[PDB]
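What follows is one chain in structure tokens, specifically the form deposited in one PDB entry.
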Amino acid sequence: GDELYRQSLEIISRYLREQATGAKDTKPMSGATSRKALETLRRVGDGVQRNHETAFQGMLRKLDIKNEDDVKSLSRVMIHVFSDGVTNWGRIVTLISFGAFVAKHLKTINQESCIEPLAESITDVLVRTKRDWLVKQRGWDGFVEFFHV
């Protein structure tokens, strides 16, 4: 995906590590288009883990994530849930927020090494399945606008 992929991997990766563990990545992060996306994501996102906790918990249970090898096998189930039907920014937040929910879990069991791979995985599925649509919304820029004020 090049630019779209590089940008999405940064937003999602930082958001997931931010979610499990505190704290920002101080490194400046080819655009402030990314900073604006992280913040929109940070605010619209924290609700979702709240509201869907039971369901999220159930899904994680089925998944059985213990190690890095398990994270590498999640793509098919991840595409399965994501690509059915209608696309919107809200569905994307849900893909990303679960990813953050899964990421928190990864930390608890001291597998924080797995988070980067989880992010790569999520970004692959997002850009592969929804690429054309995303380009149409202008990508991350379209995202911040859709949720603005």
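For every residue, the number given is its place in the sequence shown, counted from 1. Only the largest set of C-alpha atoms that superpose within 1.5 Å between the two forms is called the rigid core.
Below, we turn to the form deposited in another entry, even though it does not appear here.
**Student:** Verify the C-alpha shift of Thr94 between the shown form and the other one: is it 2 Å or more after superposing the core?
**Tutor:** It does not, since the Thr94 C-alpha is displaced less than 2 Å between the shown form and the other one after the core fit.
**Student:** Would you say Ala103 moves between the shown form and the other one, meaning its CA shifts by 2 Å or more once the core is fitted?
**Tutor:** For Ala103, whose C-alpha is compared between the shown form and the other one after core superposition, the shift is less than 2 Å.
**Student:** If the two forms are fitted on the core, does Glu39 show a Cα displacement reaching 2 angstroms between the shown form and the other one?
**Tutor:** Comparing forms between the shown form and the other one, the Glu39 CA shifts below 2 Å.
**Student:** Closer or farther: the C-alpha atoms of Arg91 and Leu74 in the other form, versus the form shown, with a change of 3 angstroms or more?
**Tutor:** Note: Cα gap between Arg91 and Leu74 shrinks in the other form.
**Student:** Since the Cα separation of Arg17 and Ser83 moves by 3 Å or more in the other form, tell me which way: closer or farther than here.
**Tutor:** Here the pair is closer than in the other form; there, farther apart.
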